[PDB]
Structure formats: C-alpha cells, structure tokens
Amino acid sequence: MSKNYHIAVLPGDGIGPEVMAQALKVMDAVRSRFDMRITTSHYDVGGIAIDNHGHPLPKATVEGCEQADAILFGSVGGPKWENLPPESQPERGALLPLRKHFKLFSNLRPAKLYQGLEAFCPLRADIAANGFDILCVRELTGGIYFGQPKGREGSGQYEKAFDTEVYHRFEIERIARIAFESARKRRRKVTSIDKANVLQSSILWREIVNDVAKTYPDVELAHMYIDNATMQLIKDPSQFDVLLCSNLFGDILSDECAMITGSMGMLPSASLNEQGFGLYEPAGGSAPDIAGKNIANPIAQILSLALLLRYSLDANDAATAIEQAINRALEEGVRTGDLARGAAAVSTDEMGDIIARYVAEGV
C-alpha cells in the first residue's frame, strides 16, 4: 500500500550513469518486494546538461526535482568542462544552486572502515586494525560558500577579493540538533569543529553548540580546531563518533573521512531540508579515469538510495533490506575492482545484479 512516490534521477557524468543504472536495478527490486509505488524521471545535470542545453542546471531539471519526493543524484563533472567559468562549471553551477534552492542545510556523510577492508585503508595497519566509524554532519547552506558580501573590488596593488564566513544563530541551532540527534543513535559523542581561537563566527558556533548540548546531557561533547582535526583523523580516527562542522570545515574533513576509509566507492551522502526532502548521492566524484569501463563500485550509489528510502520515503524497511543485501555480498567476498584491488573483482553490472537479486530474494 504505497503513495506512488516520485524520484528525480540525475545520473550526471562519468561513472554516474553506470552506478545509477545499478541503483535503479535495486529500486526495481524494492518496488516489487515491498510493493512500493515508485515513479522516476531522468534529467540532465552537469556536463551532460552543458552538452545538451548549454547550462549545467536546466530549469526543466530544477522543475523536475521540485515535482519529486527526493533526488537520486550520481556525479557531475569532468575534464571536458574543466575549462569553463566557475559559474559555468558542472560541479558548482549545479550543486551549490540545488542545495540553496531546496534549502538542504543538512549534509550527512557516514564513513566507516569495513572489517576486512583494512588493506585499502591508507593509514598504518595498526591504526587501521583499531578501526573507525564516523558520521560527518556538515552545514550545507550558509557560511562562506553563500555569505555576503562576496566579490572583487579595485585594481593595482590594493585590488582585492573577499568572501564572508557569516552564520546566524538559527543556522547553527538547526545543524547542531542534527548532530546531537544522530549521536544518540550512534555512540553518543559529538566533536564540534571550529576555529574559535580567532574566528568570531566560530566563537558564536561554539556558544550555540554548547547551548544545544544542554538538551543532550547523555552525549559527550568536545570542541576541536580544524587544524587539529585534520591531524587527528590520521593519528587516531577511532576517537570520533559524530563530527559537527561548518560548510567549509565540513567540506574538508568529510572528504578526509572518505579518504581514510580507503573505500570511497562504498560511501553515501544525504543532503536534507527541514521537510525531509533530500538529495542522495555517492560521496565520491565522476571518476573519469574508469568512466564507462564497467569497473566503478555501485555500492555508494545503492547505499544512497537506501538513505533516500529511509529519510525521504519513510521506508526504513526497504533501506535496511538494501544494506543487508550489500553486507551479504561482501560477506560472500564479492568485490568490485577497487576493493579487490583488481584481481577476482566483479563488474559494476554484476555487483548491481547481485545486490538487486539479494534484495528481491528477501535474503
């Protein structure tokens, strides 16, 4: 008994279409198992949109997303457009405007080292064997990415350009809550990242996070400078549970968290507004190197469909089945090339066929 949900599917560039095809395989297994009514439409975004429409975010694409319950997004960008004005580049001219337009203030990126994939972790084996499991909560619609004033002025030696790391109380209140709520579902520890020794905006950030913390006396709260956090994710990632970050600090540390897993092809991303509409994608980029070679790990994309089902379509049931289907395959020792490091790997397609199959197979 379903509502006939709708998903705008934006595959994008590079490995985007390849891994998206696998997620739609899985989505079809979810439809015809959980008897959900799911309707989709495909739209161009990024470099493909630039190719067909001259713009990375077509109005028709934004309108398609508007008409949907959530956006399942691949990846955008590539060397074929890494030559355009920033305002005209696929990565920024699409993503930043989608975030602002749909008010997706909340970015959730879970990064854990999967047991038995320690070999691929780029950290020392003893650090890797200790393990880590982190959720990076990034503020997505404010701070320096969007702050005003922002521009360039003058000429000569005093020509200048400027951006403004500005936060309002409400912006820190709402992202801080997401962090603490997420912590309750995990290991009840939040580490808020700022630069409060110098930044006025960090001093307010720290203050408002301390105020929210009073609602969560069961959660251990720590504050840590961005420059220390960058070191500690290398030195001892096991110390973090939930990372709470600004837009810019989160951009840096969330990608650092992805790198230290050694398995970015398994990492999903959710960007959420207050109404529960979201944009769900792999944590990695379009990977033009292997694009079109049926090599790419579809797991990040499929896991982001799971987040979509859980957070946007009130279907934790289908979300958890998908995650289950992915652990079984990995239990069995199924690997794409990135986690076989080449030898004995399955293709994007078979990995996607297998996961879709295990979902519909119930177990």
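In case it trips you up, residue 1 is the first one in the sequence shown, and so on.
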property	result
Mean C-alpha temperature factor, higher of 207 to 215 and 281 to 289	281 to 289
Average Cα temperature factor in the PDB entry - higher stretch of 320 to 328, 294 to 302	320 to 328
Highest recorded Cα temperature factor - choice among 110, 131, 265, 78	78
Candidate set 115, 261, 239, 148 [ranked by C-alpha B-factor, highest]	115
Ranked C-alpha temperature factor of residue 193 among modelled chain residues, by third	lowest
Record-listed C-alpha B factor of residue 92: chain third	highest
Within-chain third of residue 17 by Cα B-factor, per the entry	lowest
Chain-wide C-alpha B factor ranking for residue 83, given as lowest, middle or highest third	highest
Third of chain Cα B-factors occupied by residue 153	middle
